Amino acid sequence: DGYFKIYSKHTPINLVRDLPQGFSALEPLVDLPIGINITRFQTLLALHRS
Amino acid sequence: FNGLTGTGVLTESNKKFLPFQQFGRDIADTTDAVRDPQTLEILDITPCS
Ligand SMILES: *[C@@H]1O[C@H](CO)[C@@H](O)[C@H](O)[C@H]1NC(C)=O
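Going by the header, the method for this PDB entry is cryo-EM, and the resolution given is 3.30 Å.

A. Broad picture of the pattern of salt bridges. Residues and elements named next belong to chain A. Summed over all chains, the structure comprises four salt bridges over all chains. Across the pair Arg17 and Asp18 runs a salt bridge, and its minimum N-O distance is 3.1 Å. Accessibility expressed as a relative area gives 44% for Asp18, which makes it partly exposed.

B. Fine view of the sheet that holds strand β1 (residues 9–12) of chain B. All names here are of chain B. Strand order in this open sheet of three strands is β1-β3-β2, and the pairing throughout is antiparallel. Strands with a single pairing partner mark the edges of an open sheet, and in this sheet they are β1 and β2 (33–35). Taking the axes of each pair of neighbouring strands and ignoring which way they run, one obtains an average angle of 40 degrees across the sheet. Bridging between β1 and strand β3 (residues 42–46) involves four bridges; their strand directions are antiparallel. Pairing of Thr11 across the sheet is with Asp44, part of β3.

C. Examining the side chain of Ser13 of chain B more closely. Residues and elements named next belong to chain B. In this fold, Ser13 is placed in the loop between β1 and β2. Of note is the side chain of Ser13, whose polar atom sits 3.5 Å from the backbone nitrogen of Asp44. Not counting chain neighbours up to four residues away, the residues in contact with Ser13 comprise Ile42, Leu43 and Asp44.

D. Region of interest: unusual backbone geometry. All names here are of chain B. Positive phi, normally seen in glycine, also occurs at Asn2, with a value near 55 degrees. Position of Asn2 relative to the elements: it lies in the segment before β1. Positive phi is not limited to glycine here, since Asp29 has a value of about 60 degrees. Its location among the elements puts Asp29 in the loop between β1 and β2.

How each quantity is defined
Residues numbered from 1 in each chain as written, not as in the entry; some residues may be left out. Chains lettered and ligands numbered in written order. Part of a larger assembly, values for the part shown. Heavy atoms only, no water. Salt bridge = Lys/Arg side-chain N within 4 Å of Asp/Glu carboxyl O. Buried < 20%, exposed > 50% of the residue type's maximum accessible area, 1.4 Å probe, protein only. Pairing = 2+ DSSP bridges. Helix = DSSP H or I, 4+ residues; strand = E, 2+ residues; numbered from the N terminus. Axes fitted to C-alpha atoms, helices over the stretch in contact; angles between N-to-C directions. Polar contact = N/O pair within 3.5 Å; in protein donor to acceptor, adjacent residues only side chain to side chain. Contact = heavy atoms within 4.5 Å.

Encoded structure:
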């Protein structure tokens, strides 16, 4: 519905090698007037080239 | 309030409104809290006895 919605909730993960159990509520963080066609996406990480 | 029309008593309440939340729907899905557009305050909506 012509909207881009992003939800986030920062949690202090304890000594677990993977995603921990329990629960977490992703609070709404921002909403934007979007509506461009979306089919794919890609993440960005910092390559070590210092 | 912001187009939402009704009758009630606007009494200040201690409801823990999260920043994104705006409304105060109850167990029976009834409006019970609104946020003033001018100043951010949580007002309890209660029908007259
Ligand atoms: C988005 O682009 C894809 C790939 O061309 C196309 O098949 C699809 O119909 C488009 N979606 C919208 C909502 O325009």
